[PDB]
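Worksheet for the structure shown next.
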Amino acid sequence: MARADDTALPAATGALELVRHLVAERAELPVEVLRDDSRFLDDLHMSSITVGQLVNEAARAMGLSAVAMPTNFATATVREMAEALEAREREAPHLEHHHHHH
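Numbering-wise (the deposited numbering), the sequence shown opens with residue 1 and increments by one.
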């Protein structure tokens, strides 16, 4: 009603929903209840090690590689992680990879 994004994906999927989704599910909660200002520790309660676990899942979907964990998340929020990921893909090189076994 106020924004175009709104809960869940904006149109098809939206990188924003990808991060929030992976985070929400990793926090033992739905993506519809995931707050945009929910820290990866204050609320989501995701240790530095836990964050990297879900962060790797996002990069894979966004089609990244080295983007895995752009910066500290212990003090970041879903909006920051989602924005950082969406930013990279928004202007990333012509590189790609799979990397299995994990």
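Even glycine gets a Cβ: it sits at the ideal position worked out from N, Cα and C.
Apart from the 5 residues on each side of it in sequence, residue 26 sits with its Cβ closer than 6 Å to the Cβ of 54 in its chain, given in chain order.
As computed with DSSP, residue 39 is found in a beta bridge with 77. Closest option to residue 77, judged by alpha-carbon separation, among 94, 20, 50, 59: 20. The three-state secondary structure of residue 3, taken from DSSP, is coil. Between residue 7 and residue 32, the gap from beta carbon to beta carbon is short of 8 Å.
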